[PDB]
file coords_17.tsv (TSV, C-alpha atoms and all ligand atoms)
chain	number	residue	atom	x	y	z
Y	1	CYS	CA	74.89	173.10	168.37
Y	2	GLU	CA	71.67	172.53	170.30
Y	3	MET	CA	71.17	168.80	169.60
Y	4	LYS	CA	68.01	166.66	169.40
Y	5	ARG	CA	67.87	162.84	169.08
Y	6	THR	CA	65.41	160.28	167.77
Y	7	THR	CA	65.54	156.56	167.10
Y	8	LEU	CA	64.18	154.52	164.22
Y	9	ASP	CA	63.62	150.78	163.97
Y	10	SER	CA	65.02	149.30	160.77
Y	11	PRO	CA	65.81	145.92	159.22
Y	12	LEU	CA	69.41	146.67	160.26
Y	13	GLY	CA	68.54	147.28	163.93
Y	14	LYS	CA	68.00	150.53	165.80
Y	15	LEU	CA	69.29	153.74	164.26
Y	16	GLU	CA	70.04	156.79	166.40
Y	17	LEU	CA	69.71	160.09	164.55
Y	18	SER	CA	71.12	163.33	165.89
Y	19	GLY	CA	70.78	166.87	164.60
Y	20	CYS	CA	70.32	170.54	165.34
Y	21	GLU	CA	68.03	173.16	163.78
Y	22	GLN	CA	70.60	173.74	161.01
Y	23	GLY	CA	70.79	170.09	159.99
Y	24	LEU	CA	71.22	166.40	160.59
Y	25	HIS	CA	74.57	165.56	162.24
Y	26	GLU	CA	74.81	161.76	162.56
Y	27	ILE	CA	73.11	158.48	161.78
Y	28	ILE	CA	74.47	155.84	164.18
Y	29	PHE	CA	73.89	152.09	163.99
Y	30	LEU	CA	73.27	150.96	167.58
Y	31	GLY	CA	72.83	147.28	166.64
Y	32	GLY	CA	57.43	164.21	160.73
Y	33	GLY	CA	57.54	167.79	159.42
Y	34	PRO	CA	60.08	170.48	158.44
Y	35	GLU	CA	63.02	170.16	160.86
Y	36	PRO	CA	66.10	168.33	159.51
Y	37	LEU	CA	65.78	165.53	162.06
Y	38	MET	CA	62.18	164.75	161.06
Y	39	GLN	CA	63.08	164.87	157.36
Y	40	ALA	CA	65.95	162.45	158.05
Y	41	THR	CA	63.66	160.01	159.89
Y	42	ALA	CA	61.07	160.14	157.10
Y	43	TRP	CA	63.81	159.68	154.48
Y	44	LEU	CA	65.31	156.61	156.21
Y	45	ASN	CA	61.89	155.12	156.84
Y	46	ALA	CA	61.08	155.49	153.12
Y	47	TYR	CA	64.48	154.03	152.21
Y	48	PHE	CA	63.60	150.81	154.02
Y	49	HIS	CA	59.82	150.65	153.73
Y	50	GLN	CA	58.79	152.62	150.60
Y	51	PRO	CA	61.97	152.50	148.50
Y	52	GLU	CA	60.06	153.12	145.24
Y	53	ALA	CA	59.23	156.64	146.53
Y	54	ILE	CA	62.70	157.48	147.86
Y	55	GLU	CA	63.38	160.28	145.32
Y	56	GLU	CA	60.19	162.05	146.47
Y	57	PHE	CA	61.45	162.50	150.05
Y	58	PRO	CA	63.39	165.71	150.85
Y	59	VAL	CA	67.03	165.16	151.77
Y	60	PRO	CA	67.69	166.83	155.13
Y	61	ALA	CA	70.14	169.70	155.57
Y	62	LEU	CA	73.42	168.38	156.95
Y	63	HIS	CA	75.34	170.10	159.76
Y	64	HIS	CA	78.04	167.75	161.03
Y	65	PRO	CA	81.30	169.80	161.18
Y	66	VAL	CA	82.63	167.94	158.10
Y	67	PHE	CA	79.93	169.76	156.07
Y	68	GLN	CA	80.63	173.21	157.59
Y	69	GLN	CA	83.93	173.89	155.75
Y	70	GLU	CA	85.28	173.26	152.25
Y	71	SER	CA	87.51	170.16	151.92
Y	72	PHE	CA	88.10	167.26	149.57
Y	73	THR	CA	86.31	165.12	152.18
Y	74	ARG	CA	83.26	167.34	151.98
Y	75	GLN	CA	83.43	167.10	148.17
Y	76	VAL	CA	83.57	163.29	148.32
Y	77	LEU	CA	80.53	163.12	150.57
Y	78	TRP	CA	78.51	165.79	148.73
Y	79	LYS	CA	79.27	164.38	145.25
Y	80	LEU	CA	78.41	160.86	146.42
Y	81	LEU	CA	75.11	162.13	147.79
Y	82	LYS	CA	74.32	164.16	144.62
Y	83	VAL	CA	75.30	161.61	142.02
Y	84	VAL	CA	75.14	157.95	143.05
Y	85	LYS	CA	71.51	156.90	143.12
Y	86	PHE	CA	69.52	153.99	144.55
Y	87	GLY	CA	70.52	150.81	142.70
Y	88	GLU	CA	73.84	152.19	141.35
Y	89	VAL	CA	77.46	151.80	142.42
Y	90	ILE	CA	80.61	153.83	141.66
Y	91	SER	CA	84.26	152.84	142.15
Y	92	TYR	CA	86.48	154.55	144.76
Y	93	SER	CA	88.63	155.69	141.86
Y	94	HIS	CA	85.84	157.25	139.85
Y	95	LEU	CA	84.46	158.93	142.99
Y	96	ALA	CA	87.94	160.38	143.56
Y	97	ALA	CA	87.74	161.91	140.08
Y	98	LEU	CA	84.20	163.17	140.66
Y	99	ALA	CA	85.43	164.93	143.84
Y	100	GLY	CA	88.24	166.65	141.93
Y	101	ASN	CA	91.29	164.44	142.55
Y	102	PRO	CA	91.50	161.52	140.05
Y	103	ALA	CA	94.54	159.88	141.65
Y	104	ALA	CA	93.21	159.80	145.19
Y	105	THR	CA	91.60	156.39	145.86
Y	106	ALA	CA	93.19	155.95	149.31
Y	107	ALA	CA	92.09	159.47	150.31
Y	108	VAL	CA	88.52	158.67	149.17
Y	109	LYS	CA	88.48	155.54	151.32
Y	110	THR	CA	89.57	157.59	154.34
Y	111	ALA	CA	86.96	160.29	153.58
Y	112	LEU	CA	84.21	157.67	153.36
Y	113	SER	CA	85.29	156.17	156.70
Y	114	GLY	CA	84.48	159.63	158.18
Y	115	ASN	CA	80.94	159.74	156.71
Y	116	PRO	CA	78.71	160.74	159.66
Y	117	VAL	CA	75.45	159.89	157.84
Y	118	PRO	CA	75.63	156.42	156.20
Y	119	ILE	CA	72.92	155.18	153.84
Y	120	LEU	CA	71.68	158.78	153.30
Y	121	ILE	CA	75.15	159.46	152.00
Y	122	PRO	CA	75.61	156.09	150.36
Y	123	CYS	CA	79.16	154.95	151.19
Y	124	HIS	CA	77.70	151.45	150.68
Y	125	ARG	CA	77.40	152.22	146.93
Y	126	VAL	CA	81.15	152.85	146.54
Y	127	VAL	CA	82.96	149.70	145.47
Y	128	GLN	CA	86.48	148.65	144.57
Y	129	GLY	CA	85.61	147.64	141.00
Y	130	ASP	CA	83.18	145.80	138.77
Y	131	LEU	CA	83.60	142.44	140.51
Y	132	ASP	CA	84.88	143.58	143.89
Y	133	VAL	CA	82.38	145.11	146.28
Y	134	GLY	CA	85.24	146.28	148.57
Y	135	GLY	CA	85.05	146.80	152.35
Y	136	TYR	CA	82.68	148.69	154.61
Y	137	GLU	CA	83.05	150.65	157.83
Y	138	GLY	CA	79.75	149.08	158.95
Y	139	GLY	CA	80.68	145.51	157.99
Y	140	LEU	CA	80.74	143.74	154.63
Y	141	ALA	CA	77.48	141.86	155.25
Y	142	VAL	CA	75.63	145.15	155.86
Y	143	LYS	CA	77.04	146.69	152.68
Y	144	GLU	CA	76.01	143.60	150.68
Y	145	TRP	CA	72.56	143.58	152.32
Y	146	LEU	CA	71.94	147.25	151.36
Y	147	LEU	CA	73.03	146.56	147.77
Y	148	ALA	CA	70.66	143.55	147.69
Y	149	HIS	CA	67.82	145.73	149.02
Y	150	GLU	CA	68.58	148.02	146.05
Y	151	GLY	CA	68.57	145.09	143.61
Y	152	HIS	CA	72.24	145.44	142.64
Y	153	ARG	CA	74.24	142.57	141.13
Y	154	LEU	CA	76.91	143.02	143.83
Y	155	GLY	CA	74.33	142.64	146.63
Y	156	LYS	CA	73.88	139.54	148.78
Y	157	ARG	CA	71.04	139.09	151.29
O	201	ZN	ZN	74.54	171.62	164.04
call {"tool": "encode", "arguments": {"input": "coords_17.tsv", "output": "structure tokens"}}
result
Amino acid sequence: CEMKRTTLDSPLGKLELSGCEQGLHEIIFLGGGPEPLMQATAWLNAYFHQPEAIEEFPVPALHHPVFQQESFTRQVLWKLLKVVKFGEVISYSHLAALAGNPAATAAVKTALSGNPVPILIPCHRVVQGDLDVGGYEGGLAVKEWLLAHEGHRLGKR
């Protein structure tokens, strides 16, 4: 792909976004019109700074290779994106079922670890169970901060 990059300041530090004309590829934690990259930047900016309007912002097309071919991993990521909204959580186990393989909690955890576009695809909203927020590829404190930003019981600022 012919790649383009942009950065966005956020409460979680600088975010590097990468994408081509067919879609956003990655959102990386470094520590506005029609192209997918501009839609992604606008979406993430709204997520942090205008969260009440987040459903109004177009979700960018996604073009990381994990989205280019059918797989259970792609199903996990797509179903998570489609279904689990701002201020909600879902268990690894129920997400496994949603993605078409009810037994497959460990496989869901591995799929989520491969998510190239965190927050937009909300791996932070997938928890172990009602009273166990579980782990996070980006660090437990970040997961808990995002859930607090979204007003969830399991969040901690
Ligand atoms: Zn691409």
call {"tool": "residues_near_ligand", "arguments": {"input": "coords_17.tsv", "ligand": "ligand ZN 201 (chain O)", "cutoff": "7 Å", "atoms": "all atoms listed in the file", "output": "ChimeraX atom specification"}}
result
/Y:1-2,19-23,25,63-64
call {"tool": "closest_residue", "arguments": {"input": "coords_17.tsv", "among": "Y:138, Y:102, Y:65, Y:155", "to": "residue 31 in chain Y", "atoms": "only C-alpha atoms"}}
result
Y:138
call {"tool": "closest_residue", "arguments": {"input": "coords_17.tsv", "among": "Y:13, Y:151, Y:51, Y:129", "to": "residue 93 in chain Y", "atoms": "only C-alpha atoms"}}
result
Y:129
call {"tool": "closest_residue", "arguments": {"input": "coords_17.tsv", "among": "Y:4, Y:14, Y:49, Y:82", "to": "residue 149 in chain Y", "atoms": "only C-alpha atoms"}}
result
Y:49
call {"tool": "closest_residue", "arguments": {"input": "coords_17.tsv", "among": "Y:80, Y:154, Y:37, Y:85", "to": "residue 141 in chain Y", "atoms": "only C-alpha atoms"}}
result
Y:154
call {"tool": "closest_residue", "arguments": {"input": "coords_17.tsv", "among": "Y:120, Y:44, Y:96, Y:53", "to": "residue 81 in chain Y", "atoms": "only C-alpha atoms"}}
result
Y:120
call {"tool": "closest_residue", "arguments": {"input": "coords_17.tsv", "among": "Y:59, Y:107, Y:117, Y:97", "to": "residue 18 in chain Y", "atoms": "all atoms listed in the file"}}
result
Y:117
call {"tool": "atom_distance", "arguments": {"input": "coords_17.tsv", "atom1": "CA of residue 91 in chain Y", "atom2": "CA of residue 106 in chain Y"}}
result
11.9 Å
call {"tool": "atom_distance", "arguments": {"input": "coords_17.tsv", "atom1": "CA of residue 144 in chain Y", "atom2": "CA of residue 124 in chain Y"}}
result
8.0 Å
call {"tool": "atom_distance", "arguments": {"input": "coords_17.tsv", "atom1": "CA of residue 87 in chain Y", "atom2": "CA of residue 56 in chain Y"}}
result
15.7 Å
call {"tool": "residues_around", "arguments": {"input": "coords_17.tsv", "residues": "residue 42 in chain Y", "least_positions_apart": "4", "cutoff": "9 Å", "atoms": "all atoms listed in the file", "output": "number ranges by chain"}}
result
Y: 32-33, 37-38, 46-47, 57-58
call {"tool": "residues_around", "arguments": {"input": "coords_17.tsv", "residues": "residue 98 in chain Y", "least_positions_apart": "5", "cutoff": "12 Å", "atoms": "all atoms listed in the file", "output": "count of residues only"}}
result
20
call {"tool": "residues_around", "arguments": {"input": "coords_17.tsv", "residues": "residue 140 in chain Y", "least_positions_apart": "3", "cutoff": "12 Å", "atoms": "only C-alpha atoms", "output": "short mmCIF file (atom, residue, chain, number, x, y, z; two decimals) with C-alpha atoms, keeping the file's coordinate frame"}}
result
data_model
loop_
_atom_site.label_atom_id
_atom_site.label_comp_id
_atom_site.auth_asym_id
_atom_site.auth_seq_id
_atom_site.Cartn_x
_atom_site.Cartn_y
_atom_site.Cartn_z
CA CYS Y 123 79.16 154.95 151.19
CA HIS Y 124 77.70 151.45 150.68
CA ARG Y 125 77.40 152.22 146.93
CA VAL Y 127 82.96 149.70 145.47
CA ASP Y 132 84.88 143.58 143.89
CA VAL Y 133 82.38 145.11 146.28
CA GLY Y 134 85.24 146.28 148.57
CA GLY Y 135 85.05 146.80 152.35
CA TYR Y 136 82.68 148.69 154.61
CA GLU Y 137 83.05 150.65 157.83
CA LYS Y 143 77.04 146.69 152.68
CA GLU Y 144 76.01 143.60 150.68
CA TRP Y 145 72.56 143.58 152.32
CA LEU Y 146 71.94 147.25 151.36
CA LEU Y 147 73.03 146.56 147.77
CA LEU Y 154 76.91 143.02 143.83
CA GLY Y 155 74.33 142.64 146.63
CA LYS Y 156 73.88 139.54 148.78
CA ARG Y 157 71.04 139.09 151.29
#
call {"tool": "axis_aligned_box", "arguments": {"input": "coords_17.tsv", "around": "range 44-59 of chain Y", "padding_each_side": "3 Å", "output": "lines of an AutoDock Vina configuration file"}}
result
center_x = 62.9
center_y = 158.2
center_z = 151.0
size_x = 14.2
size_y = 21.1
size_z = 17.6
call {"tool": "residues_around", "arguments": {"input": "coords_17.tsv", "residues": "residue 36 in chain Y", "least_positions_apart": "3", "cutoff": "6 Å", "atoms": "only C-alpha atoms", "output": "PyMOL selection string"}}
result
chain Y and resi 23-24+39+60-61
call {"tool": "write_last_selection", "arguments": {"input": "coords_17.tsv", "atoms": "C-alpha atoms", "output": "PDB file, keeping the file's coordinate frame"}}
result
ATOM      1  CA  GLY Y  23      70.790 170.090 159.990  1.00  0.00           C
ATOM      2  CA  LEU Y  24      71.220 166.400 160.590  1.00  0.00           C
ATOM      3  CA  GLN Y  39      63.080 164.870 157.360  1.00  0.00           C
ATOM      4  CA  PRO Y  60      67.690 166.830 155.130  1.00  0.00           C
ATOM      5  CA  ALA Y  61      70.140 169.700 155.570  1.00  0.00           C
TER       6      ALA Y  61
END
call {"tool": "build_atoms", "arguments": {"input": "coords_17.tsv", "residues": "range 68-103 of chain Y", "atoms": "N, CA and C atoms", "output": "PDB file, in the frame of the given file"}}
result
ATOM      1  N   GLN Y  68      80.629 171.750 157.280  1.00  0.00           N
ATOM      2  CA  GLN Y  68      80.630 173.210 157.590  1.00  0.00           C
ATOM      3  C   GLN Y  68      81.754 173.975 156.895  1.00  0.00           C
ATOM      4  N   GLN Y  69      82.759 173.252 156.390  1.00  0.00           N
ATOM      5  CA  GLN Y  69      83.930 173.890 155.750  1.00  0.00           C
ATOM      6  C   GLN Y  69      84.348 173.174 154.475  1.00  0.00           C
ATOM      7  N   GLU Y  70      84.905 173.902 153.501  1.00  0.00           N
ATOM      8  CA  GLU Y  70      85.280 173.260 152.250  1.00  0.00           C
ATOM      9  C   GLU Y  70      86.489 172.338 152.482  1.00  0.00           C
ATOM     10  N   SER Y  71      86.410 171.142 151.905  1.00  0.00           N
ATOM     11  CA  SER Y  71      87.510 170.160 151.920  1.00  0.00           C
ATOM     12  C   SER Y  71      87.243 169.132 150.861  1.00  0.00           C
ATOM     13  N   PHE Y  72      88.278 168.380 150.491  1.00  0.00           N
ATOM     14  CA  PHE Y  72      88.100 167.260 149.570  1.00  0.00           C
ATOM     15  C   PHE Y  72      87.150 166.227 150.170  1.00  0.00           C
ATOM     16  N   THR Y  73      87.246 166.017 151.487  1.00  0.00           N
ATOM     17  CA  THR Y  73      86.310 165.120 152.180  1.00  0.00           C
ATOM     18  C   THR Y  73      84.868 165.550 151.995  1.00  0.00           C
ATOM     19  N   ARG Y  74      84.610 166.844 152.184  1.00  0.00           N
ATOM     20  CA  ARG Y  74      83.260 167.340 151.980  1.00  0.00           C
ATOM     21  C   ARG Y  74      82.834 167.116 150.522  1.00  0.00           C
ATOM     22  N   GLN Y  75      83.757 167.334 149.584  1.00  0.00           N
ATOM     23  CA  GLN Y  75      83.430 167.100 148.170  1.00  0.00           C
ATOM     24  C   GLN Y  75      83.081 165.650 147.882  1.00  0.00           C
ATOM     25  N   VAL Y  76      83.833 164.723 148.491  1.00  0.00           N
ATOM     26  CA  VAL Y  76      83.570 163.290 148.320  1.00  0.00           C
ATOM     27  C   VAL Y  76      82.166 162.954 148.780  1.00  0.00           C
ATOM     28  N   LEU Y  77      81.821 163.445 149.970  1.00  0.00           N
ATOM     29  CA  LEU Y  77      80.530 163.120 150.570  1.00  0.00           C
ATOM     30  C   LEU Y  77      79.387 163.788 149.814  1.00  0.00           C
ATOM     31  N   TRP Y  78      79.547 165.071 149.477  1.00  0.00           N
ATOM     32  CA  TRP Y  78      78.510 165.790 148.730  1.00  0.00           C
ATOM     33  C   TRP Y  78      78.314 165.201 147.320  1.00  0.00           C
ATOM     34  N   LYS Y  79      79.408 164.905 146.617  1.00  0.00           N
ATOM     35  CA  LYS Y  79      79.270 164.380 145.250  1.00  0.00           C
ATOM     36  C   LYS Y  79      78.629 163.005 145.271  1.00  0.00           C
ATOM     37  N   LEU Y  80      79.008 162.186 146.254  1.00  0.00           N
ATOM     38  CA  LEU Y  80      78.410 160.860 146.420  1.00  0.00           C
ATOM     39  C   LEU Y  80      76.905 160.985 146.623  1.00  0.00           C
ATOM     40  N   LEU Y  81      76.519 161.871 147.536  1.00  0.00           N
ATOM     41  CA  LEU Y  81      75.110 162.130 147.790  1.00  0.00           C
ATOM     42  C   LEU Y  81      74.351 162.595 146.538  1.00  0.00           C
ATOM     43  N   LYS Y  82      74.934 163.544 145.809  1.00  0.00           N
ATOM     44  CA  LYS Y  82      74.320 164.160 144.620  1.00  0.00           C
ATOM     45  C   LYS Y  82      74.139 163.172 143.466  1.00  0.00           C
ATOM     46  N   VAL Y  83      75.152 162.344 143.269  1.00  0.00           N
ATOM     47  CA  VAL Y  83      75.300 161.610 142.020  1.00  0.00           C
ATOM     48  C   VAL Y  83      74.926 160.129 142.019  1.00  0.00           C
ATOM     49  N   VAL Y  84      75.243 159.413 143.092  1.00  0.00           N
ATOM     50  CA  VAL Y  84      75.140 157.950 143.050  1.00  0.00           C
ATOM     51  C   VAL Y  84      73.812 157.510 143.650  1.00  0.00           C
ATOM     52  N   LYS Y  85      72.913 157.095 142.765  1.00  0.00           N
ATOM     53  CA  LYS Y  85      71.510 156.900 143.120  1.00  0.00           C
ATOM     54  C   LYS Y  85      71.212 155.488 143.606  1.00  0.00           C
ATOM     55  N   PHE Y  86      70.021 155.319 144.189  1.00  0.00           N
ATOM     56  CA  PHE Y  86      69.520 153.990 144.550  1.00  0.00           C
ATOM     57  C   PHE Y  86      69.661 153.008 143.383  1.00  0.00           C
ATOM     58  N   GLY Y  87      70.299 151.877 143.679  1.00  0.00           N
ATOM     59  CA  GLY Y  87      70.520 150.810 142.700  1.00  0.00           C
ATOM     60  C   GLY Y  87      71.747 150.947 141.821  1.00  0.00           C
ATOM     61  N   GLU Y  88      72.561 151.972 142.084  1.00  0.00           N
ATOM     62  CA  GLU Y  88      73.840 152.190 141.350  1.00  0.00           C
ATOM     63  C   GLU Y  88      75.023 151.970 142.270  1.00  0.00           C
ATOM     64  N   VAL Y  89      76.192 151.705 141.677  1.00  0.00           N
ATOM     65  CA  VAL Y  89      77.460 151.800 142.420  1.00  0.00           C
ATOM     66  C   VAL Y  89      78.428 152.680 141.636  1.00  0.00           C
ATOM     67  N   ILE Y  90      79.519 153.077 142.302  1.00  0.00           N
ATOM     68  CA  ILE Y  90      80.610 153.830 141.660  1.00  0.00           C
ATOM     69  C   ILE Y  90      81.898 153.309 142.291  1.00  0.00           C
ATOM     70  N   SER Y  91      83.002 153.286 141.540  1.00  0.00           N
ATOM     71  CA  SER Y  91      84.260 152.840 142.150  1.00  0.00           C
ATOM     72  C   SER Y  91      84.886 153.942 143.013  1.00  0.00           C
ATOM     73  N   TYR Y  92      85.724 153.552 143.979  1.00  0.00           N
ATOM     74  CA  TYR Y  92      86.480 154.550 144.760  1.00  0.00           C
ATOM     75  C   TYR Y  92      87.219 155.479 143.827  1.00  0.00           C
ATOM     76  N   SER Y  93      87.832 154.908 142.788  1.00  0.00           N
ATOM     77  CA  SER Y  93      88.630 155.690 141.860  1.00  0.00           C
ATOM     78  C   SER Y  93      87.796 156.713 141.083  1.00  0.00           C
ATOM     79  N   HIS Y  94      86.638 156.290 140.581  1.00  0.00           N
ATOM     80  CA  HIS Y  94      85.840 157.250 139.850  1.00  0.00           C
ATOM     81  C   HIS Y  94      85.243 158.301 140.777  1.00  0.00           C
ATOM     82  N   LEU Y  95      84.951 157.936 142.026  1.00  0.00           N
ATOM     83  CA  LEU Y  95      84.460 158.930 142.990  1.00  0.00           C
ATOM     84  C   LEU Y  95      85.558 159.950 143.274  1.00  0.00           C
ATOM     85  N   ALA Y  96      86.802 159.470 143.373  1.00  0.00           N
ATOM     86  CA  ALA Y  96      87.940 160.380 143.560  1.00  0.00           C
ATOM     87  C   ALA Y  96      87.939 161.459 142.467  1.00  0.00           C
ATOM     88  N   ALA Y  97      87.779 161.008 141.224  1.00  0.00           N
ATOM     89  CA  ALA Y  97      87.740 161.910 140.080  1.00  0.00           C
ATOM     90  C   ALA Y  97      86.570 162.879 140.159  1.00  0.00           C
ATOM     91  N   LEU Y  98      85.392 162.347 140.488  1.00  0.00           N
ATOM     92  CA  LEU Y  98      84.200 163.170 140.660  1.00  0.00           C
ATOM     93  C   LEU Y  98      84.436 164.290 141.680  1.00  0.00           C
ATOM     94  N   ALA Y  99      85.190 163.982 142.742  1.00  0.00           N
ATOM     95  CA  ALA Y  99      85.430 164.930 143.840  1.00  0.00           C
ATOM     96  C   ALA Y  99      86.589 165.867 143.559  1.00  0.00           C
ATOM     97  N   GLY Y 100      87.217 165.709 142.393  1.00  0.00           N
ATOM     98  CA  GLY Y 100      88.240 166.650 141.930  1.00  0.00           C
ATOM     99  C   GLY Y 100      89.686 166.223 142.080  1.00  0.00           C
ATOM    100  N   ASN Y 101      89.910 164.953 142.402  1.00  0.00           N
ATOM    101  CA  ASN Y 101      91.290 164.440 142.550  1.00  0.00           C
ATOM    102  C   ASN Y 101      91.385 162.994 142.018  1.00  0.00           C
ATOM    103  N   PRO Y 102      91.500 162.843 140.693  1.00  0.00           N
ATOM    104  CA  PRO Y 102      91.500 161.520 140.050  1.00  0.00           C
ATOM    105  C   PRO Y 102      92.481 160.496 140.650  1.00  0.00           C
ATOM    106  N   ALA Y 103      93.625 160.921 141.169  1.00  0.00           N
ATOM    107  CA  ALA Y 103      94.540 159.880 141.650  1.00  0.00           C
ATOM    108  C   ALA Y 103      94.178 159.257 143.031  1.00  0.00           C
TER     109      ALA Y 103
END
